[PDB]
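Student: Here's a structure for you.
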Amino acid sequence: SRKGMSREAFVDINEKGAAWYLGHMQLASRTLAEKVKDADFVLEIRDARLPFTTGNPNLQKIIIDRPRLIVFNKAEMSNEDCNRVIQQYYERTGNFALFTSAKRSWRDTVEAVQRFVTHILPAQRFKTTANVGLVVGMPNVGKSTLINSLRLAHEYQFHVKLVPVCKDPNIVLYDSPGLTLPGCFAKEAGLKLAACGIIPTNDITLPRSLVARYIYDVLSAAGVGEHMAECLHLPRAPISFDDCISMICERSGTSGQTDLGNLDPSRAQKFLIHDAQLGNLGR
Amino acid sequence: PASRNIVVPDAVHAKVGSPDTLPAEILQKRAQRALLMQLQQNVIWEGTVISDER
Amino acid sequence: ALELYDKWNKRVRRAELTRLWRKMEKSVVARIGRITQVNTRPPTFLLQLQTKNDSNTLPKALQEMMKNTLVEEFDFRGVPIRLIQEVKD
């Protein structure tokens with residue numbers, strides 16, 4: 001909270017332990033390309049709310065030949081039209097796309113990975129070998145949680161980072177700890193990530209005031225003020241960010257602190273009280 | 001409410017080449033390059049042509 | 001019994017062994033680059049270590065896993081297998 005630099009934007013979990021990868025993804029581009037080349041398929045995990053911002057530009061710029069399956073989490077939070085258009089784009093492309101809610105990303109993603117391997121992935125020359133999928137994604141999105149769950153399952157069964165999925169068709173996943181971390185980011189990207197909740201807000205680096213002001217600005221630009229007012233339950237549509245904060249404080253209670261009432265729009269945005277998205281694309 | 005979809009116009013999104021969109025590292029690097037070139041112009045360095053004024 | 005004797009005397013291809021080892025390395029110390037079947041009657045595989053430290057051999061668990069992989073892949077089910085840890089020189 002008080003501390004300025006956000007840890008989740010730099011930290012991940014390797015086999016040895018926590019590490020702080022530094023620099024931009026273009027530096028790792030070469031290592032990522034080598035990892036994908038030595039792997040068999042690619043499993044990319046991204047956030048449906050800001051897909052093109054969560055994804056790794058170097059991966060899409062360098063490797064397109066290897067089969068890739070993208071898992072957009074928080075699909076219900078994300079807008080439907082954008083999801084459908086990007087899904088059609090990926091279907092036209094050689095990759096595959098799958099939009100998942102909480103439980104879907106929990107287990108249906110593994111089920112879909114197994115289906116993908118069985119259906120499209122070619123058959124190996126041997127049987128004891130394993131089909132390897134390089135996992136690329138930001139740890140806070142859910143890639144880290146999935147890797148940890150698989151690690152725990154394998155450790156219980158027994159009782160480089162490769163985690164098995166299922167005995168048949170012998171699927172394993174390579175871990176990429178710090179190849180797609182945000183690190184240093186632009187102001188707009190940081191605001192988008194903070195609004196999405198993937199980067200905790202701080203009182204110094206990026207205040208909740210600025211985050212909520214950005215959210216209100218994007219909503220007003222979209223022209224959804226009345227719907228936002230109805231969702232927030234406040235009586236009349238606001239005219240300014242300060243007016244919205246005052247209305248929220250009044251609704252909450254007489255002794256409604258400005259910061260306390262400003263914290264509520266961010267929680268609502270994270271909890272899907274409003275359905276929106278932050279990201280551009282090309283055709 | 002939640003089921004209702006919201007479409008964000010491209011106008012609100014910042015321009016691709018905007019300094020806000022560009023990471024701060026690139027902006028600092030360009031500023032420091034400009035400062036170094038100014039210093040080289042101020043003190044006569046080898047291979048430095050005084051093509052400017054003032 | 002005759003099938004077991006045939007497996008005992010069976011031969012394997014160096015290219016197949018190398019591809020199997022590469023796939024195993026990608027699927028799951030000092031690595032090895034060359035694997036070959038030296039002896040025939042008891043199937044013995046020579047694996048070369050990419051290190052000059054004569055005491056930096058492979059773990060017994062790793063070598064047992066390699067033997068199990070060979071048995072599973074090449075059908076040396078009822079046949080014992082032997083490994084030789086060799087270092088370059």
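Ordering of the structure tokens sets the chain letters (A, B, ...); residue numbers start at 1 within each chain; ligands are numbered from 1 in the order shown.
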Please provide the set of residues having any atom within 12 Å of residue A:272, restricted to only C-alpha atoms, with same-chain residues fewer than 2 positions apart removed, written as JSON, numbers by chain.
Tutor: {"A": [49, 74, 75, 76, 77, 78, 79, 195, 196, 197, 228, 231, 232, 265, 266, 267, 268, 269, 270, 274, 275, 276, 277], "B": [1, 2, 3, 4, 5, 6]}
Student: Compile a residue-level contact table for chain C against chain A at a cut-off of 12 Å, reporting for every qualifying residue the shortest atom pair and its distance in Å to one decimal, with only C-alpha atoms counted, rows ordered by chain and ascending number, as CSV.
Tutor:
```
residue,atom,partner,partner_atom,distance
C:16,CA,A:126,CA,9.5
C:17,CA,A:126,CA,10.9
C:19,CA,A:125,CA,9.1
C:20,CA,A:129,CA,7.4
C:21,CA,A:129,CA,9.2
C:22,CA,A:129,CA,9.4
C:23,CA,A:129,CA,5.9
C:24,CA,A:129,CA,5.9
C:25,CA,A:129,CA,9.3
C:26,CA,A:132,CA,7.6
C:27,CA,A:130,CA,5.5
C:28,CA,A:162,CA,6.6
C:65,CA,A:128,CA,11.4
C:66,CA,A:128,CA,10.9
C:68,CA,A:128,CA,9.7
C:69,CA,A:128,CA,6.6
C:70,CA,A:128,CA,8.9
C:71,CA,A:128,CA,9.9
C:72,CA,A:128,CA,6.9
C:73,CA,A:128,CA,6.3
C:74,CA,A:126,CA,9.5
C:75,CA,A:128,CA,11.4
```
Student: Next, write the just-selected residues to a file, as a CSV table (one decimal), in the first residue's frame, keeping C-alpha atoms as the atom set.
Tutor:
```csv
chain,number,residue,atom,x,y,z
C,16,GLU,CA,16.6,-43.9,-32.3
C,17,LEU,CA,18.5,-43.9,-29.0
C,19,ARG,CA,16.2,-39.1,-30.4
C,20,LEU,CA,14.7,-41.0,-27.4
C,21,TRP,CA,17.3,-39.4,-25.1
C,22,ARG,CA,16.6,-35.9,-26.5
C,23,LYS,CA,12.9,-36.3,-26.0
C,24,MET,CA,13.4,-37.6,-22.5
C,25,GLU,CA,15.7,-34.7,-21.6
C,26,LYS,CA,13.1,-32.3,-22.9
C,27,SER,CA,10.3,-34.1,-21.0
C,28,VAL,CA,12.0,-34.4,-17.6
C,65,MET,CA,14.8,-44.0,-14.8
C,66,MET,CA,16.8,-44.2,-18.1
C,68,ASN,CA,13.1,-48.0,-17.3
C,69,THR,CA,12.5,-45.7,-20.3
C,70,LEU,CA,14.6,-48.0,-22.5
C,71,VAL,CA,12.7,-51.0,-21.3
C,72,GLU,CA,9.3,-49.3,-21.9
C,73,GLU,CA,10.2,-48.0,-25.4
C,74,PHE,CA,12.3,-50.7,-27.0
C,75,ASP,CA,10.5,-53.7,-25.4
```
Student: Neighbours of residue C:1 within 12 Å (only C-alpha atoms; same-chain residues fewer than 5 positions away dropped), as a VMD selection string?
Tutor: chain C and resid 6 to 8 78 to 79
Student: Keeping only C-alpha atoms, take the residues you just selected and write them out as a compact mmCIF listing (two decimals), in the first residue's frame.
Tutor:
```txt
# COMPACT_ATOMS: atom_id res chain seq x y z
CA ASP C 6 15.33 -62.78 -28.85
CA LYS C 7 14.95 -59.56 -26.86
CA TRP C 8 18.24 -60.31 -25.12
CA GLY C 78 11.99 -59.24 -19.42
CA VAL C 79 15.59 -58.39 -20.31
```
Student: Using only C-alpha atoms for the distances, tell me which of C:87, C:39, C:81, C:64 is nearest to residue C:51.
Tutor: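 Nearest to residue C:51: C:87.
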Student: Excluding residue B:21 and its own-chain neighbours fewer than 2 positions away, which residues fall within 6 Å of it when counting only C-alpha atoms? Please give them as a list in words.
Tutor: residues 186 of chain A; 18 and 19 of chain B
Student: If you keep C-alpha atoms, can you produce a file of those selected residues as a JSON list (two decimals), in the first residue's frame?
Tutor:
```json
[["chain", "number", "residue", "atom", "x", "y", "z"],
["A", 186, "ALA", "CA", 3.63, 3.39, -19.42],
["B", 18, "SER", "CA", 2.32, 9.57, -27.46],
["B", 19, "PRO", "CA", 4.88, 10.06, -24.67]]
```
Student: Output the contact residues of chain A with respect to chain B at a cut-off of 12 Å, based on only C-alpha atoms, as a ChimeraX atom specification.
Tutor: /A:23-24,49,53,76-83,182-192,214-233,268-282
Student: Quick check, in Å to one decimal: how far apart do atom CA of residue A:6 and atom CA of residue A:27 lie?
Tutor: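 Atom CA of residue A:27 lies at a distance of 21.0 Å from atom CA of residue A:6.
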Student: Using Å and a single decimal, report how far atom CA of residue A:9 sits from atom CA of residue A:134.
Tutor: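 Computing it gives 20.8 Å between the two atoms.
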Student: Could you give me, as a list in words, each residue of chain B that DSSP assigns to alpha helix (DSSP H) when run on this structure's backbone?
Tutor: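 The residues of chain B classed as alpha helix (DSSP H) are residues 24, 25, 26, 27, 28, 29, 30, 31, 32, 33, 34, 35, 36, 37, 38, 39, 40, 41 and 42 of chain B.
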Student: Counting only C-alpha atoms, what is within 12 Å of stretch 32-39 of chain B, bar same-chain residues fewer than 2 positions away, as a ChimeraX atom specification?
Tutor: /B:25-30,41-45,47-54
Student: Write out, as a PDB file, in the first residue's frame, the residues just selected, with N, CA and C atoms.
Tutor:
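The resulting file, out_13.pdb, is reproduced below:
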```pdb
ATOM      1  N   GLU B  25      11.550   4.884 -20.015  1.00  0.00           N
ATOM      2  CA  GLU B  25      12.952   4.640 -20.339  1.00  0.00           C
ATOM      3  C   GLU B  25      13.318   5.254 -21.683  1.00  0.00           C
ATOM      4  N   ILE B  26      12.449   5.106 -22.685  1.00  0.00           N
ATOM      5  CA  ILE B  26      12.738   5.655 -24.004  1.00  0.00           C
ATOM      6  C   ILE B  26      12.803   7.176 -23.946  1.00  0.00           C
ATOM      7  N   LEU B  27      11.863   7.797 -23.231  1.00  0.00           N
ATOM      8  CA  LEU B  27      11.859   9.251 -23.122  1.00  0.00           C
ATOM      9  C   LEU B  27      13.118   9.754 -22.432  1.00  0.00           C
ATOM     10  N   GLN B  28      13.518   9.103 -21.337  1.00  0.00           N
ATOM     11  CA  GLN B  28      14.739   9.513 -20.652  1.00  0.00           C
ATOM     12  C   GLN B  28      15.956   9.322 -21.546  1.00  0.00           C
ATOM     13  N   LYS B  29      16.006   8.214 -22.289  1.00  0.00           N
ATOM     14  CA  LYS B  29      17.140   7.981 -23.178  1.00  0.00           C
ATOM     15  C   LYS B  29      17.226   9.056 -24.250  1.00  0.00           C
ATOM     16  N   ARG B  30      16.090   9.425 -24.846  1.00  0.00           N
ATOM     17  CA  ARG B  30      16.111  10.465 -25.869  1.00  0.00           C
ATOM     18  C   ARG B  30      16.522  11.810 -25.279  1.00  0.00           C
ATOM     19  N   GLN B  41      28.217  19.843 -28.761  1.00  0.00           N
ATOM     20  CA  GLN B  41      28.225  21.093 -29.511  1.00  0.00           C
ATOM     21  C   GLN B  41      28.851  22.221 -28.702  1.00  0.00           C
ATOM     22  N   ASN B  42      28.533  22.300 -27.409  1.00  0.00           N
ATOM     23  CA  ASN B  42      29.036  23.388 -26.577  1.00  0.00           C
ATOM     24  C   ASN B  42      30.555  23.340 -26.471  1.00  0.00           C
ATOM     25  N   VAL B  43      31.113  22.157 -26.238  1.00  0.00           N
ATOM     26  CA  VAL B  43      32.561  21.987 -26.186  1.00  0.00           C
ATOM     27  C   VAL B  43      32.994  21.256 -27.450  1.00  0.00           C
ATOM     28  N   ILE B  44      33.889  21.876 -28.217  1.00  0.00           N
ATOM     29  CA  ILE B  44      34.195  21.392 -29.558  1.00  0.00           C
ATOM     30  C   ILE B  44      34.763  19.985 -29.463  1.00  0.00           C
ATOM     31  N   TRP B  45      34.013  19.013 -29.970  1.00  0.00           N
ATOM     32  CA  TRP B  45      34.444  17.625 -29.987  1.00  0.00           C
ATOM     33  C   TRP B  45      34.766  17.224 -31.427  1.00  0.00           C
ATOM     34  N   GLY B  47      34.672  15.432 -34.952  1.00  0.00           N
ATOM     35  CA  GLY B  47      33.566  14.976 -35.767  1.00  0.00           C
ATOM     36  C   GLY B  47      32.266  15.701 -35.514  1.00  0.00           C
ATOM     37  N   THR B  48      32.306  16.823 -34.800  1.00  0.00           N
ATOM     38  CA  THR B  48      31.110  17.595 -34.467  1.00  0.00           C
ATOM     39  C   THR B  48      31.073  18.824 -35.367  1.00  0.00           C
ATOM     40  N   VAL B  49      30.070  18.882 -36.234  1.00  0.00           N
ATOM     41  CA  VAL B  49      29.869  20.021 -37.122  1.00  0.00           C
ATOM     42  C   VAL B  49      28.885  20.977 -36.467  1.00  0.00           C
ATOM     43  N   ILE B  50      29.237  22.259 -36.436  1.00  0.00           N
ATOM     44  CA  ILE B  50      28.375  23.279 -35.816  1.00  0.00           C
ATOM     45  C   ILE B  50      27.418  23.737 -36.908  1.00  0.00           C
ATOM     46  N   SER B  51      26.344  22.969 -37.083  1.00  0.00           N
ATOM     47  CA  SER B  51      25.312  23.291 -38.056  1.00  0.00           C
ATOM     48  C   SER B  51      24.149  24.064 -37.451  1.00  0.00           C
ATOM     49  N   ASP B  52      24.168  24.308 -36.145  1.00  0.00           N
ATOM     50  CA  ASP B  52      23.093  24.995 -35.455  1.00  0.00           C
ATOM     51  C   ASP B  52      23.426  26.480 -35.324  1.00  0.00           C
ATOM     52  N   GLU B  53      22.606  27.196 -34.560  1.00  0.00           N
ATOM     53  CA  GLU B  53      22.799  28.612 -34.297  1.00  0.00           C
ATOM     54  C   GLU B  53      22.653  28.853 -32.801  1.00  0.00           C
ATOM     55  N   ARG B  54      23.212  29.971 -32.342  1.00  0.00           N
ATOM     56  CA  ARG B  54      23.239  30.384 -30.940  1.00  0.00           C
ATOM     57  C   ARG B  54      24.304  29.622 -30.163  1.00  0.00           C
TER      58      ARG B  54
END
```
Student: Just give me the gap between atom CA of residue A:26 and atom CA of residue A:57 in Å, one decimal is fine.
Tutor: 8.3 Å
